[PDB]
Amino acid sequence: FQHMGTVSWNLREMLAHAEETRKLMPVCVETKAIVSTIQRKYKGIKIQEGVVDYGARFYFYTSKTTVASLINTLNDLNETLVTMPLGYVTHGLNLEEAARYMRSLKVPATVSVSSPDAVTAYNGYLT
């Protein structure tokens, strides 16, 4: 997968990169720590489902949207992503099963995991 690569970026690193590049950043609106950080960093943002371009360019989704449907949607949007592994924790998936879904991503993406060791493990599951 030449179009996908894995780093270990905290939220501030992801947001800073997304701010500068305008890459699309998926965000699960049920993850309170991320939603709260976004609401504080970009005062006045009206978080809603779908694309919200305000401060950074977000794709807000609910965990009621199944991972494969989310990936289907993101593929159709045809935007480069900065993202965490989709479905990981939010949909009750472990890292390996999140990686299995991410194989269906056809858009370029930077995938951020928790630690440098998780980078190696995730890439192993992905391939």
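Numbering starts at 1 and follows the sequence shown.
For the pair 54-62 and 40-48, the mean Cα B-factor is higher in 40-48. Remark: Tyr125 belongs to the middle third of its chain, ranked by C-alpha B-factor as recorded. Ranked by C-alpha B-factor against the other modelled residues of its chain, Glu19 falls in the middle third.
Among the modelled residues of its chain, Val82 has a C-alpha B-factor that falls in the lowest third according to the deposited record. For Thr6, the recorded CA temperature factor ranks within the lowest third of the chain's modelled residues.
Among the modelled residues of its chain, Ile71 has a C-alpha B-factor that falls in the middle third, as given in the PDB entry.
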